[PDB]
Amino acid sequence: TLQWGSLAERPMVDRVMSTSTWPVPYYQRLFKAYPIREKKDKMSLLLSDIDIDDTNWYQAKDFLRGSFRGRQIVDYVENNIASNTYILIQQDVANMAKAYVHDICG
Amino acid sequence: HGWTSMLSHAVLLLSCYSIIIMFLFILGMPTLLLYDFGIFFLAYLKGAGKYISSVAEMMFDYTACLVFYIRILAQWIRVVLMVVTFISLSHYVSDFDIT
Amino acid sequence: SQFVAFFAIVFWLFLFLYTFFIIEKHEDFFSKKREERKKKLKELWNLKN
Amino acid sequence: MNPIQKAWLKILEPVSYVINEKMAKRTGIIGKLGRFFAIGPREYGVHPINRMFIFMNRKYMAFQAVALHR
Amino acid sequence: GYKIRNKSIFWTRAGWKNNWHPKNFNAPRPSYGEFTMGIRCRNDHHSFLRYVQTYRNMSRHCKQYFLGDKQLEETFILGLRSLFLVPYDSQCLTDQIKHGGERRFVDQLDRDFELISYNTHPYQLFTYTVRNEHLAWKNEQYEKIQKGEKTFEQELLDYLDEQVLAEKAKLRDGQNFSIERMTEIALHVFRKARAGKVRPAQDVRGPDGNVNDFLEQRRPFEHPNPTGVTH
Amino acid sequence: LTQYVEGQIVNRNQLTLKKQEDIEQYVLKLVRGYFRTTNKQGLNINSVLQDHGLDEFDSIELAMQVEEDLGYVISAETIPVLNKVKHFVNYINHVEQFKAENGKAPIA
Amino acid sequence: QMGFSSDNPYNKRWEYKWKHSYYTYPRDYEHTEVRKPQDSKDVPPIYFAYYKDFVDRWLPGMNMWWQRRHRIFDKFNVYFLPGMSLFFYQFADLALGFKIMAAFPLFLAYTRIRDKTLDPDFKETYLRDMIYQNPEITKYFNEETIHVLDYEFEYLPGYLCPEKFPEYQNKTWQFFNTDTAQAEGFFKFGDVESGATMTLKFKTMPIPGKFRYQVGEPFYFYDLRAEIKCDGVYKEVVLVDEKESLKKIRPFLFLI
Amino acid sequence: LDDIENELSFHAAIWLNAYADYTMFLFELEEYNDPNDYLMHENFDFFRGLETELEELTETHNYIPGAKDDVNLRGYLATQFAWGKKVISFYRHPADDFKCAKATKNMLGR
Amino acid sequence: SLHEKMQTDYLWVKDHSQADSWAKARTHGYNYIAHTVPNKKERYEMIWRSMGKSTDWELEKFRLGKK
Amino acid sequence: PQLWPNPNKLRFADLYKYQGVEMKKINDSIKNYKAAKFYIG
Amino acid sequence: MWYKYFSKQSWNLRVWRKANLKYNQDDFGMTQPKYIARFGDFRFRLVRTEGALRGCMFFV
Amino acid sequence: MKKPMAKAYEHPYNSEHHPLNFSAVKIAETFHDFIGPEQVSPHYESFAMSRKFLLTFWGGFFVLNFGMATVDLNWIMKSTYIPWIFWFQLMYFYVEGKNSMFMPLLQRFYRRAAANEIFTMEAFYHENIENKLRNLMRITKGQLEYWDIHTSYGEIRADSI
Ligand SMILES: CCCCCCCCCCCCCCCCCC(=O)OC[C@H](COP(=O)([O-])OCC(O)COP(=O)([O-])OC[C@@H](COC(=O)CCCCCCCCCCCCCCCCC)OC(=O)CCCCCCCCCCCCCCCCC)OC(=O)CCCCCCCCCCCCCCCCC
Ligand SMILES: CCCCCCCCCCCCCCCCCC(=O)OC[C@H](COP(=O)([O-])OCC(O)COP(=O)([O-])OC[C@@H](COC(=O)CCCCCCCCCCCCCCCCC)OC(=O)CCCCCCCCCCCCCCCCC)OC(=O)CCCCCCCCCCCCCCCCC
Ligand SMILES: CCCCCCCCCCCCCCCCCC(=O)OC[C@H](COP(=O)([O-])OCC(O)COP(=O)([O-])OC[C@@H](COC(=O)CCCCCCCCCCCCCCCCC)OC(=O)CCCCCCCCCCCCCCCCC)OC(=O)CCCCCCCCCCCCCCCCC
Ligand SMILES: CCCCCCCCCCCCCCCCCC(=O)OC[C@H](COP(=O)([O-])OCC(O)COP(=O)([O-])OC[C@@H](COC(=O)CCCCCCCCCCCCCCCCC)OC(=O)CCCCCCCCCCCCCCCCC)OC(=O)CCCCCCCCCCCCCCCCC
Ligand SMILES: CCCCCCCCCCCCCCCCCC(=O)OC[C@H](COP(=O)([O-])OCC[N+](C)(C)C)OC(=O)CCCCCCCCCCCCCCCCC
Ligand SMILES: CCCCCCCCCCCCCCCCCC(=O)OC[C@H](COP(=O)([O-])OCC[N+](C)(C)C)OC(=O)CCCCCCCCCCCCCCCCC
Ligand SMILES: COC1=C(OC)C(=O)C(C/C=C(\C)CC/C=C(\C)CC/C=C(\C)CC/C=C(\C)CC/C=C(\C)CC/C=C(/C)CC/C=C(\C)CCC=C(C)C)=C(C)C1=O
Ligand SMILES: Nc1ncnc2c1ncn2[C@@H]1O[C@H](COP(=O)(O)OP(=O)(O)OP(=O)(O)O)[C@@H](O)[C@H]1O
Ligand SMILES: [Mg+2]
């Protein structure tokens, strides 16, 4: 509707309660109060839908090097893997199947 | 200009200065443009000469530079038309009948 | 009408008659880098990004 | 809280003891009067004139950075 | 969710999604040698080498304030490349830009390096702040490990390892422990831990529709006068 | 001549190769040390840097590290042509030969 | 020799050509290695931007004029133009026309000095297009593998040998010019693929082309020679020979 | 066999790191609701880094909105019914000027 | 297919025979707008939805047309 | 956590040595006042 | 390899001292008539162009 | 655990209360410190409607106060007649007349309609970003299927023998 009442009672029609409590405090909150500009422990929400890139393997090495097994994985990959990129993408099972036929002969 | 009514004894002080500012810097736009052209600035305006007499071309080059500035200065007659038309309306309204 | 005719002549038409932009270029390395860069990211596009 | 508020505290340290410890809890009217003039952290003690300067100084400075950087 | 309904949203007078060569009246036109007397142009073929030198300047002048932090230098390199790889990967046809896209980006990066040479660029001040907050947390963990104490991160890792054993010891019908199930185990522990901390209210509304601020105190009035300091 | 290394000031040393075998071993160690280099053991004298995950900007970082270790002043015109391990080896030879005859460093 | 040169260590032959979009100059010159935070001076002193524009734009611009001051010491610039400016300066208070005629020869003198003191810039893209057509050069050199080890190009002082070039023995031309407008230099090249090096020595002169008054090419290579040196092979390639090129075309003899 | 054992191990760690990125974002997003109900400076704190990039646009005087955005979607929404419908060109700085001028045999440089 | 089937069907999208004679609201609502009502934003949605139906959500036709 | 200062349950000595976010701003302004001694002088 | 990315379509002009050297001054302009005398020839011989001559005669 | 660096570089001319660089975010923070927090009313009714009679008294008190103080009020009413007629007849079309006469001039409406649509896009931010992640998570899950196959090869090779 376009006829909500008098001008004095205009701020009255805004509140909508989720409970059955009476009387109802009329004031409708506009924003959330932010008294102290505190640095949030939460991670940034910009890191939302970024595709795979260099930061993924760079951080993988940093977290893998925190383990003994991960240190062996990183060293063997960066030295003994003929790839022109660290952004490994599996689009076929050629390297997998040929590694099994060369292994199961025993 | 309403927010400057109490900033001075003249309500249109900023407008009276701005029309002069607008005139001076617009008048300087063609002057700086010819400076950017260089010594060849006349060839940018009129093009290639036609007669071998440098004195003859000088008169055609003087008119080419004259027209260069007339294209700008003559447009201020449009501003006079707006002020004259704006004043005529103010004169009719301010003298309209009320008894 | 005089307002539009003022700025459409003092600036727009005046500078259209005495200034211009060239169409010839002196360097074209962005075009050939984008082609090589696209082949570098061929596998990622194949995954539908 | 600012150094001027802390300077008032050292001067009013004995007055705060009389009001908050003795008057603010005795009884009746003396209790209400002592709890009304209690001494402590200023409720709604922000100075808007200080804050008006900080805001206008920052906004005018961002304009100075643009107008002077030519 | 919500999608733009206007089908002509990306239409410009120059074409669909054209932000490289917008249509204007003074369009570029060719010049003919035999008919041109003189010309005033600022275009040149120097943007390629200026692009190379600018990368070396920005990299080397930023590494002055890294204090030899090798991980920070390698991280900064990945960030610096993302700034220079903009024209090579953008949807915008940077090769069809109005008056030379190469010159435009080189002049744009020179304005960045000028700030970098003075150590006043916001990317630099952001890097020092982020790195200081990171090293302060790494030093906290190092002091707890030297003291034989267990870090908060190891307590969750150890707590999450025993949760998988308990779930895979009761799930004997199926034996496919997917990454989806592994995730919701950790998230159930993360929510409980985040709710345990005394954090400032991040969400606008709590369990009720009311806001979680200090201002959200309505009637009934049940608080007395504020009390003073104790001696 | 001193630089920070992990928060500690360390005196930096300069190298003088002046021999073909020392140049090849230095360049290989240089490229292998770069954190973006893939297949570090498959790297040989005839290895293209593009085949090891390196682009035009990684060649600048590699050349920047040559100026650190050898003390060269490499101009921006030379960097975009260094795209192979062989190119770094031949360039280092050309700089040392130029200084041995002309008595000065190449133009920067 | 490059006339415009600051204390900046990199890109010496491009210093006058590169037009940076800087508002003011960088705090420090381009670093040649990674430095310490205390190696440089935080918050440069007051009036630093004005000082940098003097020592990086004004001062090297004056060293360009001083380095090539021998090219502006002719009787026209030294005696005629100042003498003409002094004749009309005595009547500068009579009317405005004398002020103009007393200042014009000064502005004319500045333009000749400004044009003659600049570094000699040839059309280098013509040169590389010329050498990349030769099969004996492209056998060892390619654009994607070539690098510059040294570059030198400077005007030749005074009048040349008055048997190889009788043109410059003209009293009318000598009144306006004290030099030849010819230049000579070399190009030290190296190829990272083949390991070959060559010295590209060249001599240039202004020639008339296709028209009556305008110069055709201010820097025409009438002698272009290359001494290619490889692992064990020394070759000498003659792209343009002066004994044959000077029989077809003659210099231009700039006036004003 | 050890070649693909370590290759697939590193390949999995790359996409496990990507999985944790999307998982952790959806986790932090649970506390963020109704961007219209947050103040200006608090919304920037949730999206840390936007204030830094905003300072970069200001200090370099790139005060043309959406000039450095590849898809200036806000620029298209603002010009849905504009005369001479156009968006700013990519990385357009308000100070650059590529205007030229030539003199031909004809007038007006034609 | 059923969605496009009904969009093309003349019986589904067809004015009545007397529609030409009826009084027609010749505005979408952007001439006089309610500025201070609590449903102000919902009014703007209906204006935008009315303008989209007129141009089949190709608002370039509205930009070129007469207002 | 539970020892955080309360404006109601506060000691006199704790209020005098509070040093909150208001003082942290002032201490930053004081650093600017001191560093400007030679310029103003 | 900067020459690899140089565009030869900029060779349409030969700019030197703010003047295109490939200008047909023998067919257009004040320098077109070949019946000029000793003084007119010596005047064009100095300037080498009409644009520089006309610009100076403007102030003279 | 290796000992990390003690600290990074600390800029001597950048602080939180006096940031070196400028943006609207810092200005927005100082602005809300000035106007203070949102003055939330805890009451059941708004202040104006509860004190209409009282505010009407003080409303008319200041009208009378100005009226009793201004002895030349008739000179001000007459002095205001000309500008009141002039400015209203001059700006009528641009404010109101355009809504039913020659031109609509919908420039300001276009700015409301675009902002009203952005209000909805921000309200549905969580939905739109979650759908974009569903496609990226699908790609990530597809790449993680190769590791699940490899971890069964040891069992396959053992059971096949
Ligand atoms: C009441 C106020 C009224 C006025 C209002 C405006 C006020 C004035 C302000 C305007 C701006 C003035 C400032 C100019 C700065 C110039 C700086 C400079 O010198 O740089 C050089 C620069 C030239 O360099 P370039 O163009 O970049 O390139 C040159 C090539 O590289 C060169 O290529 P090249 O080598 O092939 O060329 C050869 C040579 C060819 O030259 C020749 O033609 C030769 C001439 C003949 C010489 C004599 C030969 C003698 C022969 C003797 C023979 C002896 C031998 C005999 C035999 C031998 C005996 C043994 O050309 C030159 O080198 C000469 C070019 C420079 C000439 C000087 C031009 C400026 C003169 C101004 C004089 C008055 C200034 C007063 C200002 C006072 C301060 C306020 O000069 C200019 O750019 C001039 C631009 C002028 C544009 C502005 C015009 C504005 C229009 C004004 C009139 C408006 C009227 C309407 C007004 C309406 C109301 C507003
Ligand atoms: C009902 C209406 C009643 C009206 C009357 C009262 C109106 C209220 C006035 C309030 C505003 C003015 C405040 C005046 C002082 C009041 C006390 C006060 O500041 O508030 C408590 C204040 C607490 O601040 P807050 O507002 O509660 O909250 C702070 C926020 O959290 C954030 O912390 P924050 O630090 O960022 O906040 C700073 C805060 C407070 O910052 C301050 O410290 C106030 C500084 C004000 C100027 C003091 C320097 C005066 C230099 C005198 C030179 C000597 C003269 C005699 C020479 C001897 C030879 C005869 O805000 C202001 O800056 C306010 C300044 C307002 C603008 C003043 C300049 C206007 C320029 C336009 C020209 C106008 C012409 C008339 C100007 C007349 C000037 C005399 O306490 C302190 O700040 C303690 C300061 C501790 C360090 C002090 C070390 C000395 C520093 C002196 C300055 C040295 C600069 C270099 C020398 C320059 C001259 C050579
Ligand atoms: C009077 C009061 C004076 C008070 C003082 C005033 C101030 C004087 C001092 C300052 C002087 C001004 C300074 C100017 C120099 C500044 C630099 C400059 O601008 O360049 C020079 C400037 C360049 O001129 P230009 O236009 O570039 O030359 C054209 C072409 O470029 C040239 O093309 P071209 O070189 O290829 O060939 C040119 C010519 C070929 O020319 C030649 O080849 C001839 C060369 C002859 C050389 C002879 C050498 C002799 C050497 C000395 C003798 C040998 C040694 C003897 C030793 C004896 C020892 C004792 O070819 C032709 O066929 C010419 C066309 C036909 C002639 C047109 C004449 C029009 C006259 C109209 C009036 C006629 C009335 C007749 C009545 C007569 C009785 C009163 O020269 C001039 O400014 C000339 C003055 C132009 C004034 C035009 C307006 C006035 C028109 C005439 C007045 C009409 C009379 C009105 C009153 C009637 C009742 C009396
Ligand atoms: C020695 C003896 C003398 C000394 C005695 C000392 C005692 C003095 C008595 C002073 C009383 C102070 C305590 C109350 C202060 C505020 C009064 C008030 O109405 O606040 C409630 C009202 C709403 O409170 P709420 O019920 O909680 O609703 C909250 C929602 O936000 C509501 O928003 P919503 O949109 O959702 O709902 C409707 C809203 C609708 O209202 C609004 O949202 C805005 C209304 C327009 C605001 C004023 C625009 C003025 C533009 C500036 C041009 C004039 C400036 C004056 C100074 C210029 C230089 C002389 O407000 C209402 O609920 C109904 C309207 C109630 C009347 C309020 C407007 C009356 C005019 C007040 C302006 C007075 C100055 C100009 C008067 C002529 C010059 C003397 O708040 C306001 O209107 C704020 C306006 C600014 C307040 C300060 C203005 C100065 C003091 C006002 C005194 C009013 C009576 C005397 C003047 C009347 C002349 C006709
Ligand atoms: C009669 C008494 C003297 C009368 C007054 C004379 C004042 C002269 C000084 C003020 C005017 C200087 C010129 C200002 C305008 C040009 C700005 C500029 O410098 O740009 C340089 C420009 C810089 O080049 P640029 O500006 O084109 O850009 C360079 C290109 N990039 C950007 C790529 C690097 O160079 C020149 O123009 C050539 C040098 C100009 C020389 C200027 C005059 C010097 C006078 C020296 C006198 C020495 C003897 C007396 C002193 C003795 C010791 C105390
Ligand atoms: C409010 C207080 C502050 C006021 C500040 C001023 C606010 C101005 C708001 C922006 C309006 C600017 C209008 C620019 C023109 C927009 C229309 C257009 O692009 O034309 C496209 C037009 C229209 O094409 P169209 O396709 O976009 O629209 C078609 C129209 N319908 C839909 C009706 C069919 O096409 C043209 O190419 C014509 C070009 C004519 C140029 C007219 C403008 C010339 C003047 C501009 C330069 C002025 C510079 C002054 C600087 C002074 C410095 C001293
Ligand atoms: C330099 O660059 C610039 C800026 O920075 C970027 C700007 O912000 C700005 C904008 C300017 C502003 C935002 C400031 C605006 C301030 C204005 C208009 C006037 C301020 C007026 C007041 C705050 C009113 C104060 C009232 C009075 C002074 C009258 C009563 C007298 C008082 C209170 C003082 C008594 C007099 C004395 C001589 C004693 C002084 C007392 C002290 C020093 C006590 C202080 C005590 C301590 C412990 C510090 C500009 C123009 C600028 O150019
Ligand atoms: N074809 C052209 N079209 C438009 N403007 C041009 C053209 N050629 C040059 N200009 C302008 O004239 C200037 C001088 O041209 P010039 O050929 O001398 O540059 P250059 O760098 O020395 O070329 P090169 O590398 O071949 O020696 C150029 O910087 C340019 O601004
Ligand atoms: Mg050149």
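Heavy-atom basis, side chains included; hydrogens, waters and symmetry copies ignored. Every chain is numbered from 1 and lettered A, B, ... according to where its sequence line falls, protein lines coming before strand lines. Read the numbers this way: they start at 1 and go in the same order the structure lists the ligands and their atoms.
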Would [X] count as a contact of ligand 8 if the rule is a heavy atom under 4.0 Å away?
X        : answer
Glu24(C) : no
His45(E) : yes
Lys18(K) : no

Exercise check, heavy-atom protein proximity under 4.0 Å to atom 14 (C) of ligand 8: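 No.
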Ligand 8 atoms in contact with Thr125(G) (distance to a heavy atom under 4.0 Å):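 Those qualifying, in numeric order: 24 (P), 25 (O), 26 (O).
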Atom indices of ligand 8 within 4.0 angstrom of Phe122(G) heavy atoms, with elements: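 Going through ligand 8 atom by atom, the ones under 4.0 Å from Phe122(G) are 27 (O).
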Protein contact to [atom] [nearest heavy atom, distance to 0.1 Å]:
atom                    : value
atom 20 (P) of ligand 8 : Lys17(G) NZ, 3.6 Å
atom 31 (O) of ligand 8 : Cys41(E) O, 2.6 Å
atom 16 (P) of ligand 8 : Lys123(G) NZ, 4.0 Å
atom 2 (C) of ligand 8  : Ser10(K) O, 3.6 Å
atom 18 (O) of ligand 8 : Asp121(G) OD1, 3.6 Å

Mode of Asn43(E) contact toward ligand 8 - side chain, backbone, both, neither (heavy atoms, under 4.0 Å):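 It is the backbone that touches ligand 8; the side chain stays farther off.
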Min N/O separation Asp44(E) to ligand 8 under 3.5 Å: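 For ligand 8, there is no N or O atom that lies under 3.5 Å from one belonging to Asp44(E).
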Show the short N or O contacts, below 3.5 Å, that ligand 6 makes with protein N or O atoms; if there are none, say 'none'.
unit_1	atom_1	unit_2	atom_2	d
ligand 6	27 (O)	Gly84(H)	N	1.3
ligand 6	27 (O)	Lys85(H)	N	3.4
ligand 6	28 (O)	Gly84(H)	N	3.4

Side-chain H-bond candidate by donor/acceptor type, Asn24(E) with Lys86(H), under 3.5 Å: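 No.
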Exercise: do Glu143(G) and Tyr132(G) side chains pair donor with acceptor under 3.5 Å: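 Indeed, the side chains of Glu143(G) and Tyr132(G) share at least one donor-acceptor pair under 3.5 Å.
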Student check: side-chain heavy atoms of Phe20(C) and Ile39(E) closer than 4.5 Å: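 Yes; the side chains approach each other to less than 4.5 Å.
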Ring-face cation of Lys85(H) near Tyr76(H) (centre distance under 6.0 Å, axis angle within 45°):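 Checked: cation-pi criterion not met.
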For the Mg ion (ligand 9): protein N/O/S atoms at distances below 2.8 Å: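 Protein heteroatoms (N, O, S) closer than 2.8 Å to the Mg ion (ligand 9) number 3.
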